[PDB]
Amino acid sequence: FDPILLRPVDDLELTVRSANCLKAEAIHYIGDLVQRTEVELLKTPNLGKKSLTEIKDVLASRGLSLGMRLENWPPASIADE
Amino acid sequence: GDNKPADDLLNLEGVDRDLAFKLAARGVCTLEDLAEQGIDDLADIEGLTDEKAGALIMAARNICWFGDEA
């Protein structure tokens, strides 16, 4: 289970503003970020031009926003525990 | 500053001259500048609502990103 996804968007080294954008969509775990594609996010005003830049910075790590798709969220790695 | 709305912002669909003036009052002048504003920046004006402000942001951004296509 990618630790960057399990970590709360608030944990992002970026200012809370970065997480506030995605979090505004009721998102607390970066994992949800990979659940939705950036396009679906760019189609919402809640995101600001500056917020997009912060996403690219975190996306540079390729740890989140890799356009992945999860059926629920907890990968086989997390398993029951 | 008069902050007059540019033809692009005034020619934006879903926005009237009154709304274009209020949005331009925030230094915005071209539809592109309007897209730079965020839903929180639009809340500054009561005339605009968080839902209506966001709809204007995507509409303006869509025009720029989809401006290549008629």
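As a convention, Cβ positions derive from the backbone with ideal geometry for all residues, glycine included, and neighbour counts pool all protein chains shown. Where a number appears in this text, it was derived from the coordinates with a stated rule and is not lab data.
Of the residues in the range B:22-44, at least one is surrounded by 15 or more Cβ atoms within 10 Å (Cβ to Cβ), facing chain A (nearest Cβ under 9 Å) and in contact with a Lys or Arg (Cβ under 6 Å, 6 or more places away or on another chain).
A count restricted to the range B:52-70 and to residues that are at the interface with another protein chain (Cβ under 9 Å from one of its Cβ atoms) and not hydrophobic (A, V, I, L, M, F, W, C) stands at 3.
Within the range B:1-18, if we keep just the residues that are surrounded by fewer than 20 Cβ atoms within 10 Å (Cβ to Cβ) and either of a type in the set (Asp, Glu) or in a helix (DSSP H, G or I) (or both), the residue that is farthest from the chain's Cα centre (by Cα) turns out to be B:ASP2.
One line per residue, one yes/no per condition, for (1) of a type in the set (A, V, I, L, M, F, W, C); (2) more than 13 Å from chain B (Cβ to nearest Cβ):
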site: A:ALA19; (1), (2): yes, yes
site: A:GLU25; (1), (2): no, no
site: A:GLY31; (1), (2): no, yes
site: A:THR37; (1), (2): no, yes
site: A:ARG62; (1), (2): no, yes
site: A:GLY67; (1), (2): no, yes
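Of the residues making up the range A:64-74, at least one is loosely packed, with under 11 Cβ neighbours inside 10 Å, of a type outside the set (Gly, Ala, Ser) and over 14 Å from the mean Cα position of the chain (by Cα).
Taking helices (runs of 4 or more DSSP H) that fall entirely within the range A:5-81, which contain at least 2 residues that are free of Cβ contacts under 8 Å to residues at least 12 places away in the same chain? Even if it seems obvious, please write down each step before you answer.
Values: elements: A:16-23, A:30-35, A:38-42, A:49-59.
In the range A:5-81, the matching helices (runs of 4 or more DSSP H) lie at A:16-23, A:38-42, A:49-59.
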